[PDB]
Protein chains: 2
Amino acid sequence: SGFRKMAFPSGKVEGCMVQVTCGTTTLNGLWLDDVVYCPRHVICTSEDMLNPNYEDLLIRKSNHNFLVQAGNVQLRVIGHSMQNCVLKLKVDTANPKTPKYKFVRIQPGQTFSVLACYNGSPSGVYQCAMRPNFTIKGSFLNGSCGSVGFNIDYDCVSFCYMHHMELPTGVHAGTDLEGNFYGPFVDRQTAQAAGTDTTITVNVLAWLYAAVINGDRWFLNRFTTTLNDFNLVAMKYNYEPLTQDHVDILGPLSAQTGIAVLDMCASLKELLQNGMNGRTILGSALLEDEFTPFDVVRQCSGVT
Amino acid sequence: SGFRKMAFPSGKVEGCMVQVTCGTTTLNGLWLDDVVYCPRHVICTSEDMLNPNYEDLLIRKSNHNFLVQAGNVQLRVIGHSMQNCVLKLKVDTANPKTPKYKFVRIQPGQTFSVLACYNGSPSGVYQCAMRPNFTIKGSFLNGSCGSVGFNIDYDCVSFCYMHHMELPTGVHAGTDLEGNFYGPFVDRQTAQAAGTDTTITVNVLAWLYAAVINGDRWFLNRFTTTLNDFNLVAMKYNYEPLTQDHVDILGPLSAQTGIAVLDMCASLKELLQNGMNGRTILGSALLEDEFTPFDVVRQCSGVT
Ligand SMILES: O=C(Nc1cccnc1)N(CCN1CCOCC1)c1cccc(Cl)c1
Ligand SMILES: O=C(Nc1cccnc1)N(CCN1CCOCC1)c1cccc(Cl)c1
């Protein structure tokens, strides 16, 4: 019992973190096999960020200009290339701690753990979600760029995020491990405003199922609704529309609890319309949307 | 920017987790040097939990009855002893992944990370606080016993908690690594009700300072208060009394923000008396108390 915002164990990713320095700029890199992945803005100074021509800036850099340090030992850079917004630094030594891994591009609404790092050293681990506006609400300071987001399936780490930027509104933007930004963001110090941060409806429902499994049941009501009726309410409250694909993914949670998905939608509809009335659900006074249906089943069943 | 419930990187602790089985009972153990630490109730069956005489149950156990497996390899048990509510299993091999470590007994209000495990395998990591009633609000299922709580200071892991029990109310109880329970709990399947779960005032203030550092400032008011006046309000709302020791510990946060501790107390007093009025602070609709002043400085400065 109990339900917590749980991150994956970070050990497998900690063994991959390195420090990358180019000139006066230092950030984090991810060392997998004989390649170190890092944000391409490591080649810039704060002044270059205004309107950088990365191809032109990169022409002035050689392998020996990229200083890669794993722990306290220096890695030898034997090649460098730019792929989208990341640099790939080929080193002469395969990371002996390279776990089984994949690079995945996640969809909005999906969750992942972040290992925040500074100077190639881990500071902490927390759970995030890719927002519907393609930002993440993280905890990152200057020097945290290159910190990664990931999921783990038994022994395989699926890397999904690399931190690049903080928007003037305090939310974060980054790329997948192929260097493509999530959303419309560009690696430039320019006016980039995020779109509507809508609530991830399917995740809120999964969290309401987690609440019922853990004894928090006050919000269950005598009502039901339809997808179309529920969606009229969801639009009004800036919630993502619920689809039959979302209902299907909630199937195992519905089966475990005996609460039909549309009945849970009617509970959610009343919570949106009436509020919490000073009450809490799983220690929260707001509807939590950064737990996927898979996260709920995983935590509630004890998957290792 | 951004402020998250952040756990320590768990790698150093993941290298210590082992599976301990005695008869039909399997739980987690912590392997440090040549000793495996685990809850003494590994020697019981669910039926024995009603009123166990651990010294008597232990007489029927020999070294070969404790099955210790680290990953997929078996450890040889060459000694066993009981210290309070934990068993210490001496093995013939020192854990090669033993980090620098200490065993500490924490005070209520202090926070720590938990590496939830099942069958000696890590499932996830989350941040907890030792509540003022000596329970923790964790996320633990059957099989999670022996999972540990810890803090890290650069390269030294300070272990502070070992999970033993879930109370009928869904909150958790456990011991320090010397096997002494936090609070009045006993390792028995008996009526054990937790006391008042009061709010950790000094932590709420530290979190309000984190909110100001991150731009959430709507709650700052034109008022001040005194320790005695603030404490009259804190008693009414089941908050822990604030002492001059708490004010002193908030000194660095007060200096960084220029907001006097007693002025922040007056903001907190108005928040307690008036509520949030449907507003949020650092993405929360309630006053968060599981961040210490040290956690705030650490996260806000990027300590690795
Ligand atoms: O957002 C950033 N950093 C940051 C700070 C807080 C939290 N998360 C990230 N930067 C700063 C990068 N510069 C490069 C030159 O040396 C100095 C650092 C940034 C600014 C604009 C576009 C991009 Cl892609 C990145
Ligand atoms: O609380 C417990 N487990 C648990 C479950 C969910 C979350 N956290 C912990 N147990 C069960 C232990 N028994 C021992 C025999 O084999 C079967 C398991 C327990 C019950 C009473 C006193 C103590 Cl110390 C422990």
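Keep in mind that the numbers below use all heavy atoms, side chains included, and drop hydrogens, waters and symmetry copies. Lettering follows sequence order; numbering is per chain, from 1. Counting starts at 1 for both ligands and their atoms, in listed order.
- Judged as a side chain to side chain contact (heavy atoms under 4.5 Å, CB included), and not counting sequence neighbours, the contacts of B:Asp48 are B:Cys44, B:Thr45, B:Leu57.
- Between the side chains of B:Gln127 and B:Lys5, no donor N or O sits under 3.5 Å from an acceptor N or O.
- Side chains of B:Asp187 and B:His41: a donor-acceptor N/O pair is absent below 3.5 angstrom, by distance only.
- Salt bridge annotation for A:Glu178-A:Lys88: absent, with no cationic side-chain nitrogen under 4.0 angstrom from a carboxylate oxygen.
- For an aromatic pair to be called close, the ring centres must be under 6.0 Å apart, and B:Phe103 with B:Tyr37 satisfies this.
- Protein residues with any heavy atom under 4.0 Å from ligand 1: A:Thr25, A:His41, A:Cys44, A:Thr45, A:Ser46, A:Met49, A:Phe140, A:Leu141, A:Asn142, A:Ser144, A:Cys145, A:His163, A:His164, A:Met165, A:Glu166, A:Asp187, A:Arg188, A:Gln189.
- There is no side-chain donor-acceptor pair under 3.5 Å between B:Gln19 and B:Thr26.
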